């Protein structure tokens, strides 16, 4: 069965989450640094998420985690406390099949429940999948910061999208 179970992340999910995360760093422009992490790193990340009351959702298919989404602080200090910047990652062999849409729709509902006012996505301008994903859930384009990032001697642009809850 391809049907997904959507639920909160447990420590048992960490190896899956680690592999999805490291693959996204190394192979995509989803994260603008090249830093690979380890299991202990993600363990701390998860603990700090739970402690801070930020959710981490996973999509599970045939017993295997095939994607996850979370959000955290957009910018430091009180002024921005009701704005959160989100993350979503689908396993590299499972993309284009609606897992992303499912995870984002649910994360949006969690954020509403937890009184988030604005969800923010910072997206590389050429990330067509992410742009389509967010547009499908009612995110609107705010604008683009040109050449603010860099890969491999190549300047990247950052598009912001937002959804007021």
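Positions refer to the first chain, counted from 1.
Chemist: Would you tell me which stretch averages the higher CA B-factor in the PDB entry, 15-23 or 152-160?
Modeler: Of 152-160 and 15-23, the stretch with the higher C-alpha B-factor average is 152-160.
Chemist: In the PDB record, does 101-109 or 47-55 carry the higher mean Cα temperature factor?
Modeler: The deposited B-factors put 47-55 ahead on the C-alpha mean.
Chemist: Given 119, 125, 39, 133, identify the residue with the highest C-alpha B factor in the PDB entry.
Modeler: Of the candidates given, the C-alpha B-factor peaks at 39.
Chemist: Once the chain's modelled residues are ordered by C-alpha B factor and cut into thirds, is residue 66 in the lowest, middle or highest one?
Modeler: According to the entry, residue 66 has a C-alpha B-factor in the chain's lowest third.
Chemist: Where does the C-alpha B-factor of residue 72 rank in its chain, lowest, middle or highest third?
Modeler: It falls in the bottom third of the chain.
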